[PDB]
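Visitor: would you be able to build a 3D model of this:
(12 chains, ligands or ions: 8)
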Amino acid sequence: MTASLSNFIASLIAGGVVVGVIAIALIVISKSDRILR
Amino acid sequence: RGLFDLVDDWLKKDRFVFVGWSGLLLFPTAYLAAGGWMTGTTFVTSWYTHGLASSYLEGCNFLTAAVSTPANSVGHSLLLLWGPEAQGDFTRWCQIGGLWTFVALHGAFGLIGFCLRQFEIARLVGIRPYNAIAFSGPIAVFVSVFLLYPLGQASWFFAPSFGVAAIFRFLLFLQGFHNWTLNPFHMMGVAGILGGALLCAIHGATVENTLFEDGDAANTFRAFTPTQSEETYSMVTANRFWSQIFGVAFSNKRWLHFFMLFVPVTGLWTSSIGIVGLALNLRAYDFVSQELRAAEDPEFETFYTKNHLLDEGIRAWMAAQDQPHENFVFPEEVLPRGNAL
Amino acid sequence: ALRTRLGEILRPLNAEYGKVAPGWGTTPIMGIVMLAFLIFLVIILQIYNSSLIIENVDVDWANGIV
Amino acid sequence: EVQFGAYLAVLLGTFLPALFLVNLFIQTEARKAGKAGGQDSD
Amino acid sequence: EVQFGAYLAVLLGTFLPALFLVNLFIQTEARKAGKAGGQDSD
Amino acid sequence: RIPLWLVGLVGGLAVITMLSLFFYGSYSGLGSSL
Amino acid sequence: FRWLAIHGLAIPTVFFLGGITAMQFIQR
Amino acid sequence: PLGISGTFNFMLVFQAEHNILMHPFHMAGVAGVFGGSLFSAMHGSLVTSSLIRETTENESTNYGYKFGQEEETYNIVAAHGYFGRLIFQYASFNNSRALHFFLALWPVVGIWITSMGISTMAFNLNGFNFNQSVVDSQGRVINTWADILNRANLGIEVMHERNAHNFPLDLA
Amino acid sequence: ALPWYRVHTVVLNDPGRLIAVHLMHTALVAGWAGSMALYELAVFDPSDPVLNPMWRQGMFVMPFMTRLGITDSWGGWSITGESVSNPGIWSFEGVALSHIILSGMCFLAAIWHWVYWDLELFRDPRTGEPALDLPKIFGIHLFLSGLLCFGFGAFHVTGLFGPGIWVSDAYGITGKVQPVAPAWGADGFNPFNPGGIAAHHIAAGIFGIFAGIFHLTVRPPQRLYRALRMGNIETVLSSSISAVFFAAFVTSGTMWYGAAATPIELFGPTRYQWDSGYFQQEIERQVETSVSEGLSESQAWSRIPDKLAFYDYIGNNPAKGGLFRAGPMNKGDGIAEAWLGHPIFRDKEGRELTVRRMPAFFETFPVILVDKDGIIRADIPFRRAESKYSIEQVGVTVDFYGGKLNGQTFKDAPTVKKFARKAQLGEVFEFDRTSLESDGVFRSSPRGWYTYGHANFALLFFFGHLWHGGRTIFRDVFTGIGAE
Amino acid sequence: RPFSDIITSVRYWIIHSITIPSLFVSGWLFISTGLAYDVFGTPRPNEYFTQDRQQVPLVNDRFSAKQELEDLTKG
Amino acid sequence: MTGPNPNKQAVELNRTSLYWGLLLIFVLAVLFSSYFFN
Amino acid sequence: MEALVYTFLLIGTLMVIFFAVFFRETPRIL
Ligand code: CLA
Ligand code: CLA
Ligand code: CLA
Ligand SMILES: CCCCCCCCCCCCCCCC(=O)OC[C@H](COP(=O)(O)OC[C@@H](O)CO)OC(=O)CCCCCCCCCCCCCCC
Ligand SMILES: CC1=C(/C=C/C(C)=C/C=C/C(C)=C/C=C/C=C(C)/C=C/C=C(C)/C=C/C2=C(C)CCCC2(C)C)C(C)(C)CCC1
Ligand SMILES: CC1=C(/C=C/C(C)=C/C=C/C(C)=C/C=C/C=C(C)/C=C/C=C(C)/C=C/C2=C(C)CCCC2(C)C)C(C)(C)CCC1
Ligand code: OEX
Ligand SMILES: [Fe+2]
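Guide: Residues are numbered from 1 along each chain as shown, chains lettered A, B, ... in the order given. Ligands and ions are numbered 1, 2, ... in the order given. Here you go:
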């Protein structure tokens, strides 16, 4: 609700999408590059 | 089978650079510590924090460029880009000295992520994990100097800046103000660094001089196939050599190569204990029996009391320009000069 | 292998050894707690560092009641 | 003026750990003379 | 005022001869475990 | 197909044009104390 | 593919060397 | 001076009068012993990592080497595949002779070069001097890290041998 | 055939002697804390708790007894200064003697638990080999620590069934053991709020009660039982050490920066109370309000307590001591006797000159007299030849106010130089350096020593996390690796 | 694909004969157009000192440090 | 009592590792004495 | 009185150097 508290939760959301776009890209490519049995 | 197994099999795949699970912590954080240093030494100045020039835009070469520590007014703030100091602005973040904590924090999570890399590759190859335990040596020097030393001090300002000459003043700042060379933890650290360089120069020059004839060529580098089971140098000869030159010698290759691990690493752990004791200003500054005697007897001089007068010159002459935040205005008549210098 | 009277009471606490819940179990419940406890440590450090300012919370030596 | 508790620090810092390492060597040689079965085992 | 060389007299008069008598007992039990040949001889 | 030693020659003298350019501006421009 | 592995390190490096050659010719 | 505190009287006075830290031959031997202690603990770990089972878990690791044996005591292919994945493949010495030569090259060349730093600074060919090197367009001196390093050198210079001097320049 | 660094691994496959060993470390820890506190009561002197507190006399474990509510002793003295007729059992001597009796009983129990190592409790009822059910042992031992956490915060701290925490004011004048009601809001995470300590151990005790209720019933997954190697006992040790240096950076952190759990009346002031001028600005603030209420100057400085000016002194900074100098801080310059007063320096022009104060870095510092705007007006010159700002030229007179030099004025250069040198060291005190043979160099407070040990410990235990941790994961290859 | 087989191929040098000068000149123009002084806030040689401010600028506040650098960079 | 422990082992220290550990203590005694005497 | 300890540490260190060179455990093949 302050300047410092509102900016921190926005960084927490921004810290979620940085983990997110790495994770979402990693699941999709792990489907295509599976190893033959 | 599951979703976890497909991700586990993809990261551990043989490829150009081994990624693994630990590459998700290493490769983002190490890329930004290194790139934060190359940017900060090229573009970002120290004109507002220290009152210096530490960039390539400001005429500094490779030696006099640095990523510099922030102001003393910042204190020990983490200086987040979104924080109360920078408030989202990139340009004011760089001028306060925000890249320095950006380098040091993402660098500290690179050394975490690189030591986890050495546990992960050793488990896949199937070897004992002594590389990850010898690399804990350099972790104890980064943490206890770039992190634990400014935490005990007044702010991040008293930390080593990430530049070549900026380390060099930190070497000189630590003698005048702390008497760091007198500390027995540096003395056990010099014994490991000069002792570790000694062991690889001997083991380098003794293996290479007791080689067997495995070929007719004069070049001995050609005569080694990697998958051979015969040892490539005479251990019995090399023992017989040093037992008569030096008097005592290794008779154990397993003990020898372990001893080449123990000696360099222990010098980084023992020297790391002392620099934690200088965050608290628990320095080995004086021998009081030398100091009480030199006060009562104004003729008793050692080399040791000669080093204190060299430290008054470091504490007085550089501290005016060292700490512009404190505004030391020394007169000319308080600065300790010698005779006719 | 010596039965004692205190050993007889505590024996069902040690009688199980190595029974597991088959599968992934309560592992995704744990990670949501660990993600939460990671956010908790970040917040109370930034309160202490004065890099997260909360209204009517001042990090300074306060008058405890005497 | 020196600290008189430093004599106790040094001379027990020498003797107590160094007399410890002697004991681990004497019982090492006693076990080797113990198994060997000749003139010294008893 | 006491003599500061008496701390070195007593605490080495205790420890140095008493740590000696421990060593003669440890190598005694090592020779007995040395001959016995089971699990401890090596 | 290009011979590999031609590649290391042209890139190798390209580095010398980069390095000696940096030792040039130690004596001219900024940071030269002129 | 390894085109993302090298060119994350080489595309910056040539860009900064484009700036370090320009700073030799900047004077006061 | 043949001592311990006399060594640091020697190193600090040598700093003020010759500026050894900016001299590139002390730079080439700090790289010699930091590199030397690196490749010592890097080679000594990869041998100790890849030791072959010859002992039990009760006895010592070192007793799996009998003296004068002819069998190789560690899987060198194992430690090559580890370091071949730890950095990349082509940065690893498969040759143990060329590996054990590089351990002898790097420190020894680093200390030959360093000991000819003291030698060329014995004849007052000092290290670099970048004091008052960065100026603005007005011409005022902008400080650098070398100017902060200079003020540490000026403190030791005006205080070493505080009675021996009579004239404004330490020619000796 | 064990090496000397593996002698204590005979206890790996023996749970019955794992306890007898862990009881013997406990009998030595408890016997230390009893015999350390008996040693401190022979050394402590409760003559003047204002100018000779317990943190000047090098008392280390004694501020940990008084933190949780022990003020009286069997001699009749108290740290609060109020006399007592009977402290009962729990005094300083009662605690010290009870940690000894606890040590003697954990000693005798470890003789039992070593001899009778073969109990049926530690056997596996399915294989017969000695096993410890480490998931349910964690459920029991975490449920107990939930009770001792919740029991501490609800009863000992809040004063329901206990004395409470030593609290104090903001400036270390008044302080007493009192119950502390918990602060549940965001103000609980203010670490200088003592209510946050009560709110913590009540809240986090409940989370530790109902995590033991979880970790008793629910068994581990098949994946986590194999991935974290929960059959091995060293994965307990690998991760217990990680939970122990992590705790040791925190306590060494909050000792060094200050918290409500580290009162400056027990451990001494922090260094950040010297760097920011935390007591200089406070002593002036109690004089700015006194002079504004129609007073003479010397009556304004006489209202200042001797304790408040005693914190405004560089010898009480923990960042002034050394490592290999030993003993209490009273070995530094002697037991303080009285406050000499507050010198005010005025030149022949009459303006007020303040002595520039020594920072914590400088062992030596040149005496410099500065007026209100930063201009150097006077000093004590090193080089006396070309002197342009000496005290003889400027004619600086010194005026004391308060203390035992209450109305005095020294005007000549020999006397003003003597008080200008001792005024850069904070306030000005009269010491007694002949009782303890005080040599004349500053020592460190117990705030400084606690931060030394428990932060050099926590750095060593980081290596134990990597050793014992990598020994757990890699367990099949520590005789060596196979060549195939 | 082996690394030495790449750089000796012509198709490699077809692509990277355009991309390297188009990226090196963009690193030139990043400096000569005065853009790098404004992103990173580095002082030009004209503007270390100003007409008013003749001393060394320092930040002297924890929280209004952004506002104080708005002061010291206008003139 | 109960039965004999099957986890009895033996401790070893060869003549080599004696001289390491002796020299380790004396060199640490040489190094740290000067600071302790102060 | 103080320097007597320093001398005993130095010549005591040179004793164990003497015994390590001449009374060393001589390594033997087979
Ligand atoms: C919670 C603490 C803890 C516990 C219970 C253990 C337990 C164990 N460790 Mg471990 N360790 C720890 C912390 C701990 N460690 C830390 C912090 C480190 C980093 C320094 C290590 C480093 C380490 C290594 C490198 C090794 C072990 C080994 C062992 C095993 C045998 C110990 C032994 O033979 O020593 C016997 C020790 C002696 C006979 C004498 C030691 C003398 C010391 C050095 C000085 C005297 C101690 C001093 C009085 C203590 C003061 C108290 C201080 C701790 C506050 C055992 C399982 C060994 C192992 O893996 O087992 C196979 C092994 O090789 N540990
Ligand atoms: C009613 C709610 C409530 C309240 C008011 C509190 C109140 C508090 N808790 Mg608590 N807590 C609660 C519920 C609550 N708790 C619950 C439910 C849990 C879960 C069981 C916890 C778990 C918990 C933990 C684990 C910790 C607290 C702490 C604290 C204190 C925070 C202020 C402080 O000094 O931290 C200062 C803030 C920190 C120390 C941040 C920790 C981050 C670490 C230190 C980072 C560094 C780690 C690294 C290994 C160090 C080496 C790196 C080096 C280079 C720096 C305060 C007493 C902290 C405490 O006790 O400290 C005194 C603490 O560490 N709480
Ligand atoms: C019978 C119980 C008992 C009681 C009431 C006391 C009472 C006391 N002891 Mg003592 N002690 C005891 C047993 C006891 N002792 C035993 C058995 C030992 C041997 C181990 C000791 C060893 C000992 C020492 C060495 C010292 C004391 C000291 C003290 C005094 C201050 C305590 C203090 O500050 O601790 C503070 C306690 C802590 C900070 C513990 C924190 C616990 C950590 C943070 C737990 C975190 C992990 C947790 C389990 C995770 C799960 C949390 C979950 C709830 C979510 C106090 C008079 C001190 C003193 O002055 O001695 C005279 C002192 O230095 N004690
Ligand atoms: C004129 C020249 C004649 C030669 C001069 C002789 C001086 C030689 C010094 C002897 C070293 C003795 C240390 C015993 C050490 C010991 O006996 O080790 C014996 C050890 C033999 O190991 P093995 O292979 O036998 O061990 C196999 C296993 O059993 C391991 O336990 O040899 C070495 O490893 C020593 C190599 C390092 C040598 C360390 C020397 C360090 C220098 C000395 C530091 C002290 C100087 C202090 C002065 C104040
Ligand atoms: C900061 C930051 C960032 C960024 C990052 C990155 C992305 C970076 C990168 C960067 C990089 C990564 C850089 C690089 C650089 C490089 C360089 C610039 C190099 C140079 C080189 C040189 C100069 C060298 C030389 C040489 C040669 C060439 C050859 C011979 C040898 C020698 C060595 C001499 C971000 C965005 C996150 C944001 C935040 C902050
Ligand atoms: C039997 C019995 C008893 C008795 C008991 C007792 C009397 C106890 C005591 C005990 C004791 C009295 C103990 C003590 C202990 C101590 C300790 C255990 C200590 C140690 C320490 C340490 C070892 C440390 C170390 C160090 C140093 C020295 C320096 C610095 C570093 C360090 C810290 C590491 C009774 C009658 C009650 C009851 C019945 C039975
Ligand atoms: O003698 Mn020894 O140090 Ca070569 O510089 Mn000149 O001389 Mn003396 O002064 Mn500085
Ligand atoms: Fe080797």
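
Visitor: only C-alpha atoms for contact and neighbour calcs from this point on.
Guide: Noted.

Visitor: enumerate the residues of chain J near chain B.
Guide: Within chain J, the positions adjacent to chain B are J:36-43, J:45, J:56-66, J:69 by Cα under 8 Å from any Cα of the partner chain.

Visitor: among those residues, which lie within helices?
Guide: Using DSSP state H, the subset of the residues of chain J next to chain B located in helices is J:36-39, J:65-66, J:69.

Visitor: please enumerate the helices of chain A.
Guide: Going by DSSP H, chain A shows helices at A:3-32.

Visitor: nearest to ligand 2 within it, name that residue for me.
Guide: Closest approach of chain A to ligand 2 (Cα to the nearest ligand atom) occurs at residue A:8, with a separation of 16.5 Å.

Visitor: so what's that residue closest to, chain neighbours aside?
Guide: With sequence-adjacent residues excluded and distances taken as Cα to Cα, 6 or more residues apart in numbering or on different chains, residue A:8 is closest to residue B:82, at 7.1 Å.

Visitor: what about the nearest residue to residue I:368 once chain neighbours are set aside, distance to residue B:285?
Guide: What sits nearest to residue I:368 in space, not counting adjacent residues and going by Cα to Cα, 6+ apart, is residue I:379, at 4.3 Å. Counting by Cα to Cα, to the nearest Å, the gap from residue I:379 to residue B:285 is 26 Å.

Visitor: check residue K:3 too.
Guide: 58 Å.

Visitor: do residue D:42 as well
Guide: Residue D:42 is 58 Å from residue B:285, by Cα to Cα.

Visitor: which of these two has more residues huddled nearby?
Guide: residue B:285 (24 against 12; other Cα atoms under 10 Å in any protein chain shown).

Visitor: which residues are in contact with the more buried one?
Guide: B:178-179, B:182, I:322 (Cα atoms under 8 Å, 6 or more residues apart in numbering or on different chains).

Visitor: tabulate those residues (CSV), appending secondary structure and distance to residue I:297.
Guide: Listed next are the contacts of residue B:285 as CSV, based on DSSP: H, G, I helix; E, B strand; the rest coil; distance: Cα to Cα, whole Å:
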residue, secondary structure, distance to residue I:297
B:178, coil, 41
B:179, coil, 44
B:182, helix, 48
I:322, strand, 39
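
Visitor: now for those residues: which two are most distant?
Guide: Farthest apart among those by Cα to Cα are B:182 and I:322. That separation is 12.2 Å.

Visitor: how about whatever residue of the stretch 101-250 of chain I ends up closest to chain B, phi and psi?
Guide: Residue of the stretch 101-250 of chain I nearest chain B, by Cα to the nearest Cα: residue I:249 (10.2 Å). Per-residue torsions, residue I:249: phi -70, psi -30 (degrees, to the nearest 10).

Visitor: without its sequence neighbours, what residue ends up closest to it?
Guide: residue I:455 (6.1 Å).

Visitor: how much space between that neighbour and residue B:148?
Guide: The gap separating residue I:455 from residue B:148 is 9 Å, by Cα to Cα.

Visitor: identify the contacts common to these two.
Guide: residue B:276.

Visitor: let me know the helix or strand that residue K:16 is in.
Guide: Per DSSP states H and E: residue K:16 is located in helix K:15-37.

Visitor: output that helix as PDB, nothing but the C-alphas.
Guide: Taking C-alpha atoms only, helix K:15-37 is exported to PDB below (Å, rounded to 0.1, in the frame of the first residue of the first chain):
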ATOM      1  CA  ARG K  15      55.000 -43.300  11.800                       C
ATOM      2  CA  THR K  16      54.500 -40.900   8.900                       C
ATOM      3  CA  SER K  17      51.400 -39.300  10.200                       C
ATOM      4  CA  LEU K  18      53.000 -38.900  13.600                       C
ATOM      5  CA  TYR K  19      55.500 -36.400  12.300                       C
ATOM      6  CA  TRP K  20      52.900 -34.500  10.400                       C
ATOM      7  CA  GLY K  21      50.800 -34.100  13.500                       C
ATOM      8  CA  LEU K  22      53.700 -33.200  15.800                       C
ATOM      9  CA  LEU K  23      55.000 -30.600  13.300                       C
ATOM     10  CA  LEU K  24      51.500 -29.300  12.900                       C
ATOM     11  CA  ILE K  25      51.300 -28.600  16.600                       C
ATOM     12  CA  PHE K  26      54.700 -27.000  17.100                       C
ATOM     13  CA  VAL K  27      54.400 -24.700  14.100                       C
ATOM     14  CA  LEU K  28      51.000 -23.600  15.300                       C
ATOM     15  CA  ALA K  29      52.600 -23.200  18.700                       C
ATOM     16  CA  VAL K  30      55.400 -21.100  17.100                       C
ATOM     17  CA  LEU K  31      52.900 -19.000  15.200                       C
ATOM     18  CA  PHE K  32      50.300 -18.300  17.800                       C
ATOM     19  CA  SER K  33      52.600 -17.900  20.800                       C
ATOM     20  CA  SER K  34      53.700 -14.300  20.000                       C
ATOM     21  CA  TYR K  35      50.100 -13.200  19.900                       C
ATOM     22  CA  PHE K  36      49.000 -14.900  23.100                       C
ATOM     23  CA  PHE K  37      51.900 -13.500  25.100                       C
END
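
Visitor: could I get the buried residue list for it?
Guide: Within helix K:15-37, the residues that count as buried by 16 or more other Cα atoms under 10 Å in any protein chain shown are K:15, K:18-19, K:22-23, K:25-27, K:29-37.

Visitor: find the residue at the geometric middle of chain H.
Guide: Centroid-nearest residue in chain H: residue H:30, 2.3 Å away (criterion: Cα atoms, centre = their mean).

Visitor: same thing with chain B?
Guide: residue B:141 (5.2 Å).
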